[PDB]
Amino acid sequence: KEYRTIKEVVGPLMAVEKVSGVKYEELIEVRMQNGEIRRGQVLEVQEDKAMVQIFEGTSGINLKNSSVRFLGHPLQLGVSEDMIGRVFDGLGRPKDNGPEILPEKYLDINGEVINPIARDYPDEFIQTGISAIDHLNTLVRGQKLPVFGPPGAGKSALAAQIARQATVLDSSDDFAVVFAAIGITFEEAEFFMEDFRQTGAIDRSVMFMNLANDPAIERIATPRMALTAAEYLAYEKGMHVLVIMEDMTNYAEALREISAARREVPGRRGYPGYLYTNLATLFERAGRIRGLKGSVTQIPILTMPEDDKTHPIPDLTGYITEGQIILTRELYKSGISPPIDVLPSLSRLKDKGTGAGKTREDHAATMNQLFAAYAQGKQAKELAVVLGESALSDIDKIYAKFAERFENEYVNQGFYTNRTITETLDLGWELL
Amino acid sequence: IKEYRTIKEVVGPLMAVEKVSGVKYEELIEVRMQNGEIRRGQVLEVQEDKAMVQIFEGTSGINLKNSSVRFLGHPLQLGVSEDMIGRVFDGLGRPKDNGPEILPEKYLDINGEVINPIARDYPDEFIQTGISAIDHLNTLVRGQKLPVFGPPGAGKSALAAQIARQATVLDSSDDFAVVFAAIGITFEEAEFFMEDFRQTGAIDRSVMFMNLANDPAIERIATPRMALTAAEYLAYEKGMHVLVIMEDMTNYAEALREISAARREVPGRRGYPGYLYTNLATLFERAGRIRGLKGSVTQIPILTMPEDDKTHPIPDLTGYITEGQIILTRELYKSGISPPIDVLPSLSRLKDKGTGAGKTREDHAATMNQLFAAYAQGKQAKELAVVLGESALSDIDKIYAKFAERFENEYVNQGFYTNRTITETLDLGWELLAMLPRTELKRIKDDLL
Amino acid sequence: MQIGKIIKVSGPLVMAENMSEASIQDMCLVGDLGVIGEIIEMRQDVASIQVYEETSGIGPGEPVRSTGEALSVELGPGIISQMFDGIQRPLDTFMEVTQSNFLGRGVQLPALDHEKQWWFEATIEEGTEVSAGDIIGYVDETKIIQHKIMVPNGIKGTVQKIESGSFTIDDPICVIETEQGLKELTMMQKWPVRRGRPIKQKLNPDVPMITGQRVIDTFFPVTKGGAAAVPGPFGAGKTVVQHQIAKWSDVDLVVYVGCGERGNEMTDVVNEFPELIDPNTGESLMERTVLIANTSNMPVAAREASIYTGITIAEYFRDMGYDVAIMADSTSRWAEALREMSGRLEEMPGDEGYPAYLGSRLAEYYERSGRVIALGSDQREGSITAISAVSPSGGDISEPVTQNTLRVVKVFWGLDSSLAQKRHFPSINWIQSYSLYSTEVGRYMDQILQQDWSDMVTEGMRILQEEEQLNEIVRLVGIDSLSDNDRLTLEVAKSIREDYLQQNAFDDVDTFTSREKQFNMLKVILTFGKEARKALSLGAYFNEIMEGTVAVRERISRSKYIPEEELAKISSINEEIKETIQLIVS
């Protein structure tokens, strides 16, 4: 309590002395000479000294007169049922200046590992209302499904549409949406806020906002916070949660930043090296547990470098995350909204989520025949790539009407259009 | 006897002994564990009264307080005897085939002495493999570094055993022995080699060292140095014409990488250790001939084809330092000729000293070049078949292509276990070119023979 | 014992003092919680421990204690029909004890049930000289499998007292007079996970394994003790193939290892394996199966250790004289556990971030699988056959994992998604796949069958190769263009692919094909090909042959559905072929 033995300040780090009972990854708060107060977290503890990182920074600290207090608990998020309708910062602190929230209980944000046998497989699909997602790589409750896109491809716009139109057919209780904004600009953040207010989803949603201005170490916590709140709603309160996290790329950038700040030797391709485990720890907090009502679904939005050479490796996560959804600007150029390249997108859990009793079962057969129509329809128009002098010009025009029609209509249904699955099926029938 | 109970620290395979005296760089050690297990180790560095050592088998289970380190007082060495021949040893020279005990004449540093530049003599005299394409067209000479480049499955192992059983040297009053080094092969492969050797009586005239694929990497590195030390002994000290064959050298490169990363010195510059090039050069300067001595050392390092696109350092390295090379092709194995030796891409640089009148036949030299051009031209016919598909049949193509295909299935394809002798090869290839017209015969003299 | 004290905590690294009696690689319980950890360093009496679980909330001054052993497994009764993780934690018991669907942190549970009562049956008589590996008695663990208690290694001497009866694991069942004195023997022995079990000698695998699946047994067989690597592209039906191999292969026990999977991908395996049915007994496969399963976000060391734990158990049941088959899925995930674990240990990266000892590690694993003579007076033979699923991790063959695996294995079953799109199951590409055991298996096959099986297999494969080249020719020209000889070879190739190669895993009779039935089917196809080729040299035109043979060809297609009792109907096809074809030429 209120130790006053700061012996070093280097960069954003500090060294404290004559402290005992200090655990690793333990939150501290610093009392400066000017009465300012800052939060930091223990990152290394020796026999008597300990070493911490300050979130806000070390500018303005006088070591002789500053003081440190060890809280005695790691990073926590207070959980309450009153979260809905609310906006929080990176560390789950109110950002809308609303009523004070009394936490039901304070939860460690790292979470726990579901026992493999305990986990329950996902068998029921979720109607996105997007023909280019529902029919084919369909999304099931509890699935880990990510959308890959480049900046300015409308990836954020698609994410908004999914949030607005997400629902399930049983609908005994309504859906719940947890949205995390990770290291994104104000303009980007504002887009989502405006959509939710306008559409009224704020009353039905909970969100955590972390902008680029905010410190990198708050980005790490931001995902953990959103998933911990999602788990609280999902399992303790039985809700059905859709978790949407926007640009885990910058979470990964922050991961590298923190690793360099902690003087950790880089891993593969200059990244920390525990990225595989860190991402998998995040992404695997999904699915349904047997014996519990609620469920957790994740649609992480990820900015994708055009090159495969560097950033948060698509296949580093892609095989972690049970399928993926691809957006491309080449697509986007010709009024194709939401630009979903359907060639390389898959939902790993599509087969089981698709059947009579959960879907109208034209759908599995019709999806497979339209999957053949994807391949053959591509053959018909997509594969030409300005070639096909003779190919598709020999009364394959059925083909050479199919796929261009499909690419325009089906992929660009309009960002504010909601297609009931049966309809999507029907427009597939029309295209048949 | 000197062994210290003082182990300051253990880190991975590294270990630190302190309060020691008289230790020297690269001494071997043995670690007496608390349970009596023994593990051979080596001294990486020594300073003051402290010594730091690496263990070959790893430090798992070691209790520092209750285990002691025994310093042997000698570097990694091979016990040599004349009676080594006909015996099977592992990478560290220990006997692997039960059998009698061995009282060595002496012990030798396996890294070996450096030849005086003037003393070493040119490679000169001919070695018969029994394989037509090697002997006739791409001759090997005593004291020549000739490697075999092959893909994963195209009977490289069979071709190595091939050469081992058939290789001998003609018209000499001196014994000829074969040293076979297997570097990081699977048990099944190793057993294949040993069983073949025992069956064909080849073991009686050969010494072999066995390093399994799951064996420690430092043993893996040691096997070629050990093999060549025995080779040099028989060749020069006991006056034999040793032939050294090392199976799958590429494995050896891997082992260098593993070890180099463990030591942390020479961190990789291109993915594999810093000085793999110099290391291979060290191994390969061992084959040669000392002027003024009967014996000779030849080596045929065998290693795996790079597969062309997972491109790696090994293709350029040995080839950079080797005196020509010999290539195998998968398509040819699949087609069925055996050994699948594609001749046009491969060659031996030092043909002439080995092939020659008296040593071998006089015809052989001239005949070899003519036959080569005659196949080069079966290639011409194949190239006039490459774009041909089924284009119009002319005269050049029709007869020349047939000659090529016949060569392939009659001279390249000799059969693995068929031991064509040199005279046979020459008469067969002569006959095997004579079906072809006399318009394009480089030697006008002796039209039939 | 000695209780150490934590002096440093940095990420996953904990350093404790007063730990001189501990050794390297020993397992320790770290902190008040006692999370699992492993010693990697030692300077004087202080040790650098690597913690597998999360280290948050752990600090200095907390006690540390060492198990006095490396990573190890408990081997005895109660091990079958169990769901394990990589470090042999009982998942099933994990739930009931802690009443939680979560894998608790620092929660310690014994692997086996130490307080159930088994009827030990003493098969040995007192005063007998025993060595490491002799069988003193047995316990009927499940209805299928007989669990034999054998002398643990390092024990030599003479039996003193031994009596049958209802015992737990922990209470001693027999006493042995030794040089050091008397050692009591429990029914359970422990073994370090990464130290391979000892054998009298290893020897070659030359006896093929009946997997039932036609393409595997016929063209790319695997020997009892061989190693088969199979890639797992999405939707290729690999799951079905694994199940088929597991329940139909003539092995006594099956060990399935999930190194690190997607969780939902894991739960499918968990639910579908108990529902698999053992054919010869009608019971669940779990009565003779051991399942180890780790999802992706689990402690990394459990994922790396998964393979070694599975193969250690397979080596346990191997020393009993049983034939074991161990399935690893996915080995690619395991290599990822290695790459991350190597990074955590500040190692020098090699190929594409993988450590430099990747090929060495994989070689160590695959070389333990094989056919051996177990220790003991009896000189019994046991074997481990390894099936490893390598996730492509991006469609390529140049992956270090795949190449290094293929460097020490001889069987390759290349699953192709293209064939799955064409409803060709099992979707094994016959051209890309290979087996280096085909030669030895052909010899064994020719002898026991007393037929020329090798000639038949080679002929079928040759026809398939020619089929590839012919239909590539066809794309450029047209199907009419080629000769009746070549076109006939095309239709015989179609016959091989459809009747003989394709297999429906769910059909009652199509799923399993007896070895004699495999022979009769292939002979039917090949006698057809020969008689029609002959009739072409006899001047009959292709189309006329086609009609008279349409009638009998339908019999060939439905022949792959014929029960194993009624094999006489298959040989009869031969007769019908000969009289029909010779009749068509008049």
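Protein chains in written order, with the working numbering: chain A, 6 to 437; chain B, 242 to 690; chain C, 27 to 612. Ideal placement from N, C-alpha and C gives every residue a C-beta, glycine not left out.
Mind pulling the chain C residues with CB within less than 7 Å of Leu305 (chain B)? Here the question's residue 305 (chain B) lines up with position 64 in the second sequence. Ordered by position in chain C, the residues that pass the 7 Å Cβ test against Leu305 (chain B) are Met68.
Give me whichever residues DSSP pairs with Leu208 (chain C) in a beta bridge. Taking the first residue of the third sequence as 1, we reach residue 208 (chain C) at position 182. Looking at the DSSP assignment, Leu208 (chain C) forms a beta bridge with C:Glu203.
DSSP beta-bridge partners for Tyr282 (chain C)? The sequence position of residue 282 (chain C) within the third sequence is 256, counting from 1. Answer is C:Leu317 and C:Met353, bridged to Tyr282 (chain C).
Can you give the Cα-Cα distance for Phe421 (chain B) and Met346 (chain C), rounded to whole angstroms? Locating residue 421 (chain B) in the second sequence gives position 180, where the first residue counts as 1. Locating residue 346 (chain C) in the third sequence gives position 320, where the first residue counts as 1. Cα to Cα, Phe421 (chain B) sits roughly 37 Å from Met346 (chain C).
Residues bridged to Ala645 (chain B) [DSSP beta-bridge criterion]: By one-based count along the second sequence, residue 645 (chain B) stands at place 404. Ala645 (chain B) pairs with nothing; no bridge assigned.
Interface residues of chain C around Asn120 (chain A) at Cβ under 8 Å? Taking the first sequence and counting its residues from 1, the one referred to as residue 120 (chain A) is at position 115. The contacting residues are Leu117, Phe120, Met121, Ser126, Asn127, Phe128 and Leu129.
Below 8 Å on C-beta distance, what does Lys169 (chain C) contact in chain D? The structure shown contains no chain D; its protein chains are A, B and C.
Check whether the Cβ of residue 23 (chain C) lies closer than 8 Å to any Cβ atom in chain B. Shown here, chain C extends from 27 to 612; a query on residue 23 (chain C) therefore has no answer.
Per DSSP, what kind of secondary structure is residue 222 (chain B) in: helix, strand or coil? The structure shown does not extend to residue 222 (chain B), since chain B is modelled only from 242 to 690, so the question has no answer here.
Straight-line Cα distance separating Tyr421 (chain A) from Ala363 (chain C): Indexing the third sequence from 1 puts residue 363 (chain C) at position 337. Indexing the first sequence from 1 puts residue 421 (chain A) at position 416. Going by the C-alpha atoms only, they are around 43 Å apart.
Distance, Cα to Cα, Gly37 (chain C) vs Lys265 (chain B)? Counting from 1 along the third sequence, the entry for residue 37 (chain C) is found at position 11. Counting from 1 along the second sequence, the entry for residue 265 (chain B) is found at position 24. Those two C-alpha atoms are separated by around 39 Å.
When you check each C-beta in the segment 307–329 of chain A against every C-beta of chain C, which residues fall closer than 7 Å? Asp320, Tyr324, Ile325 and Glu327
Going along the chain, which residues of its own chain have a beta-carbon closer than 7 Å to the beta-carbon of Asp489 (chain B), five neighbours each way excluded? Along the second sequence, read from residue 1 onward, the residue named residue 489 (chain B) stands at position 248. Excluding residues within five positions, the ones whose Cβ falls inside 7 Å are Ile424, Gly425, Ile426, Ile543, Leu544 and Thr545.
Just to confirm the assignment, what range does the alpha helix (DSSP H) spanning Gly560 (chain B) have? Here residue 560 (chain B) is taken as the residue at index 319 of the second sequence, counted from 1. Residues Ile555 to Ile562.
Considering only DSSP beta bridges, list what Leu112 (chain A) is partnered with. As a working mapping, residue 112 (chain A) is identified with position 107 in the first sequence. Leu112 (chain A) is bridged to A:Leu82.
Terminal residues of the continuous beta strand (DSSP E) containing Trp144 (chain C)? What you label residue 144 (chain C) is simply residue 118 of the third sequence in a count that begins at 1. Per DSSP, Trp144 (chain C) belongs to the beta strand (DSSP E) from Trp144 to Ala148.
Which residues, in order along the segment 434–464 of chain C, keep a beta-carbon less than 7 Å from a beta-carbon of chain A? none
With DSSP collapsed to three states, give me the class of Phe538 (chain C). The sequence position of residue 538 (chain C) within the third sequence is 512, counting from 1. Correct three-state label for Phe538 (chain C): coil.
Whole angstroms are fine: how far does the CA of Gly480 (chain B) sit from the CA of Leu534 (chain B)? Here residue 534 (chain B) refers to the residue found at position 293 when the second sequence is read from its first residue. Here residue 480 (chain B) refers to the residue found at position 239 when the second sequence is read from its first residue. Those two C-alpha atoms are separated by around 7 Å.
On the DSSP letters alone, give me the boundaries of the beta strand (DSSP E) that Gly328 (chain A) sits inside. As a working mapping, residue 328 (chain A) is identified with position 323 in the first sequence. Run containing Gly328 (chain A): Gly328 to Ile331, per the beta strand (DSSP E) assignment.
Per-residue burial, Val248 (chain A) [other beta carbons within 10 Å of its own, 16 or more giving buried]: Taking the first sequence and counting its residues from 1, the one referred to as residue 248 (chain A) is at position 243. So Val248 (chain A) counts as buried.
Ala55 (chain A) to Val90 (chain C), Cα distance in whole Å? Here residue 55 (chain A) refers to the residue found at position 50 of the first sequence. Here residue 90 (chain C) refers to the residue found at position 64 of the third sequence. Roughly 20 Å separates the two Cα atoms.
Identify the residues that DSSP records as bridge partners of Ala292 (chain B): which are they? Here residue 292 (chain B) refers to the residue found at position 51 when the second sequence is read from its first residue. Answer by DSSP bridge pairing, in chain order: B:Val258 and B:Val287.
Return the chain-ordered list of same chain residues with a C-beta closer than 8 Å to the C-beta of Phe568 (chain C), the five sequence neighbours on each side being excluded. In the third sequence, counting from the first residue as 1, residue 568 (chain C) sits at position 542. Once the five neighbours on either side are set aside, the close Cβ partners of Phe568 (chain C) are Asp510, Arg513, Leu514 and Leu562.
Straight-line gap, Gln275 (chain B) to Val434 (chain C) (C-alpha atoms, nearest Å): Numbered from 1 along the second sequence, position 34 holds the residue referred to as residue 275 (chain B). Numbered from 1 along the third sequence, position 408 holds the residue referred to as residue 434 (chain C). Cα-Cα distance, rounded: 35 Å.
Can you confirm whether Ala378 (chain A), when its beta carbon is compared against all beta carbons of chain C, has any partner nearer than 8 Å? Within the first sequence, numbered from 1, the residue matching residue 378 (chain A) stands at position 373. Cβ-Cβ to chain C under 8 Å: no for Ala378 (chain A).
For a contact defined as C-beta to C-beta under 8 Å, what are the partners of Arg498 (chain B) on chain C? On the second sequence, residue 498 (chain B) is found 257 positions in, with the first residue counted as 1. The answer, in chain order, is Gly376 and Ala382.
At least one CB of chain B closer than 8 Å to the CB of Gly385 (chain C): is that the case? Residue mapping note: residue 385 (chain C) aligns to position 359 of the third sequence, counting from 1. It does: the Cβ of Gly385 (chain C) has a partner Cβ on chain B nearer than 8 Å.
Thinking C-alpha only, which one of B:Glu354, B:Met487 and B:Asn455 is nearest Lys397 (chain B)? Position 156 of the second sequence, counted from the start, is the residue given in the question as residue 397 (chain B). Per the Cα distances, B:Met487.
Between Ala561 (chain C) and chain A, is there a C-beta pair that is closer than 8 Å? Stepping through the third sequence from its first residue, residue 561 (chain C) is reached at position 535. For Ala561 (chain C), the answer is no, since every Cβ of chain A falls outside 8 Å of its Cβ.
Three-state secondary structure (DSSP) of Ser98 (chain C): Taking the first residue of the third sequence as 1, we reach residue 98 (chain C) at position 72. In this structure, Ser98 (chain C) counts as strand in the three-state DSSP scheme.
Among A:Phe411, A:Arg410 and A:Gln384, which has the Cα closest to the Cα of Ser398 (chain A)? The residue given as residue 398 (chain A) occupies position 393 in the first sequence. Among A:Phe411, A:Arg410 and A:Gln384, the Cα nearest to that of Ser398 (chain A) belongs to A:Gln384.
Counting beta carbon pairs with one atom in the segment 305–318 of chain B and one in the segment 228–246 of chain C, are three or more of them shorter than 8 Å? no
Can you give me the start and stop residues for the alpha helix (DSSP H) that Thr545 (chain B) sits inside? Here residue 545 (chain B) is taken as the residue at index 304 of the second sequence, counted from 1. First-last for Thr545 (chain B): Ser537 to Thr545, but that is the beta strand (DSSP E), not the alpha helix (DSSP H).
Residue range of the beta strand (DSSP E) that includes residue 183 (chain B): No statement about residue 183 (chain B) is possible, as the shown extent of chain B runs from 242 to 690 and does not include it.
Using 10 angstroms around the beta-carbon of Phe438 (chain C), count the other beta-carbons present and answer buried if the total reaches 16, otherwise exposed. For the purposes of this step, residue 438 (chain C) is taken as residue 412 along the third sequence, with counting starting at 1. Buried, since its Cβ has 16 or more Cβ neighbours within 10 Å.
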